[PDB]
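Before any comments, here is the structure.
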Amino acid sequence: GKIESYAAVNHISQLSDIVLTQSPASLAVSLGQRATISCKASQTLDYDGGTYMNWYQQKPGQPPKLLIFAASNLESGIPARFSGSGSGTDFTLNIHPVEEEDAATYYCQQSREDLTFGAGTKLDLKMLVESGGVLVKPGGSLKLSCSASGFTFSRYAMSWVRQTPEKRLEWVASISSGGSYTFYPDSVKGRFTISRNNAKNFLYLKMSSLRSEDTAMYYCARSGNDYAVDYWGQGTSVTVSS
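FYI, the numbering for the sequence shown is 2 to 17, 31 to 140, 158 to 273, going by the entry's author numbering.
Below, the structure written as structure tokens:
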């Protein structure tokens, strides 16, 4: 019935392929310098007077954090040394003066046609135990969930995004706010199912016919302003191996 909220512009299903090339792969800067990170889109991201480029920061063992939405809008709580610019196909993230806590990997991401990500830029200044999560055999199945609180869950589109061991981010499912519409990339269509409970505030991902290439950290994530992914739940790692 009523209009629902979606995770990407092209997902809108009621009346009312884009590659991101991110450069450089890594950046070594000194405290207080300017860091400049570039993202070129294979198609324009301009739509209806907006431009659907978002930028995220991610530190090891943590979910990505929204920095910039709609190309140039600074997310609340992010310091103003972060800025974004660009339109159409050419986008830039600038950080100046860089601080020590800004060492991280940065990703661009577009929400004009599904959700796709740049390959990332590791920003460095000047013993590890790594979680494999749940071990599954190929062909097996698994179900993940997330809960939500502190906001009206039923008003927001939700997604699952996974991160491979190579640190690539890949969108794997979206569901509209009222759960009427679901969306998947070809890589998982027919095997993964996203669902939600708007009475108890849960999001689910059912994964079946698991493949080795489904090995990844899986994040549940909310779509906020202008199709940015503004809150990411902590990840659940899945290792598919014989």
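Here a beta-carbon is modelled for each residue, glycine too, at the ideal position from N, C-alpha and C.
Here's the rule I'm using: 16 or more other beta-carbon atoms within 10 Å means buried, otherwise exposed. How should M67 be labelled?
Counting from one through the sequence shown, the residue named residue 67 turns up at place 53. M67 should be labelled buried.
Close-in-space but distant-in-sequence residues of the same chain around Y262 (CB under 6 Å, 5 per side omitted):
By one-based count along the sequence shown, residue 262 stands at place 231. Excluding sequence neighbours, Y262 sits near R253.
Where does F182 land, buried or exposed, given buried means 16+ other C-beta within 10 angstroms?
Walking along the sequence shown from the start, residue 182 turns up at place 151. Under this definition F182 is an exposed residue.
Strictly by DSSP, which residues pair up with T224?
Here residue 224 corresponds to residue number 193 of the sequence shown, with the count starting at 1. BP columns for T224 point to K237.
How do the stretch 237-246 and the stretch 216-227 stand: do at least 3 beta-carbon pairs fall below 8 Å, yes or no?
yes
Quick check: the stretch 5-12 against the stretch 38-46, are at least 3 beta-carbon pairs closer than 8 Å?
no
Alpha carbons only, please: which of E113, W69, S99 and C122 is nearest the one belonging to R48?
Translated into the one-based positions of the sequence shown, residue 48 becomes position 34. Ranking the options by Cα distance to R48, first place goes to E113.
If you reduce the DSSP assignment to three classes, tell me which class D128 lands in.
Taking the sequence shown and counting its residues from 1, the one referred to as residue 128 is at position 114. DSSP places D128 in coil when its eight states are reduced to three.
Measuring only the C-alpha atoms, how far is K3 from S272?
Position 2 of the sequence shown holds residue 3. Position 241 of the sequence shown holds residue 272. Their Cα atoms are separated by approximately 43 Å.
Buried or exposed for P196, going by 16 or more other Cβ atoms inside 10 Å?
Position 165 of the sequence shown, counted from the start, is the residue given in the question as residue 196. Exposed, because fewer than 16 other Cβ atoms sit within 10 Å of the Cβ of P196.
Can you tell me whether DSSP reads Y250 as helix, strand or coil?
The residue you call residue 250 lines up with position 219 of the sequence shown. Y250 falls in the strand class under three-state DSSP.
For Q194: DSSP bridge partner residues:
Taking the first residue of the sequence shown as position 1, residue 194 is located at position 163. Answer by DSSP bridge pairing, in chain order: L200 and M248.
Does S205 have its Cβ less than 7 Å from a Cβ in chain C?
Protein chain content of the structure displayed is limited to a single chain, and chain C is not contained in it.
Could you check which residue in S6, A247 and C53 has the C-alpha nearest to that of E161?
Within the sequence shown, residue 161 is the residue found at index 130, counting from 1. Nearest C-alpha to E161: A247.
Considering only C-alpha positions, which residue in the set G163, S243 and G134 is nearest to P169?
On the sequence shown, residue 169 is found 138 positions in, with the first residue counted as 1. Per the Cα distances, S243.
According to the Cβ coordinates, are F96 and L81 closer than 7 Å?
Numbered from 1 along the sequence shown, position 82 holds the residue referred to as residue 96. Numbered from 1 along the sequence shown, position 67 holds the residue referred to as residue 81. Yes, Cβ-Cβ distance for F96 and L81 is below 7 Å.
Along the beta strand (DSSP E) that carries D104, what are the first and last residues, could you check?
As a first step, residue 104 must be located in the sequence shown, where it is residue number 90. Run containing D104: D104 to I109, per the beta strand (DSSP E) assignment.
If you measure from the CB of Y120, is any heavy atom of the ligand ADP nearer than 6 Å?
Only the bare structure without any ligand can be found here, which leaves the ligand ADP out of the picture.
Suppose the cutoff is 6 Å on Cβ atoms and the five residues either side in sequence are ignored; what does the same chain contact list for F233 look like?
Residue mapping note: residue 233 aligns to position 202 of the sequence shown, counting from 1. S176 and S178.
Give every residue of the same chain whose Cβ lies closer than 7 Å to the Cβ of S211, excluding the five residues on either side of it in the sequence, and list them in chain order.
The residue labelled residue 211 in the question sits at position 180 within the sequence shown. So the qualifying residues of the chain are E5.
With C-beta atoms as the reference, is residue 26 less than 7 Å away from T130?
This structure gives no coordinates for residue 26. The numbering of the chain moves from 17 immediately to 31.
Can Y7 and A188 be called in contact, C-beta distance under 7 Å?
Taking the first residue of the sequence shown as position 1, residue 7 is located at position 6. Taking the first residue of the sequence shown as position 1, residue 188 is located at position 157. Yes, these two residues count as a Cβ contact at 7 Å.
Mark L137 as exposed unless 16 or more other C-beta atoms lie within 10 angstroms of its C-beta, in which case mark it buried.
As a working note, residue 137 is residue 123 in the sequence shown. Flag for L137 reads buried.
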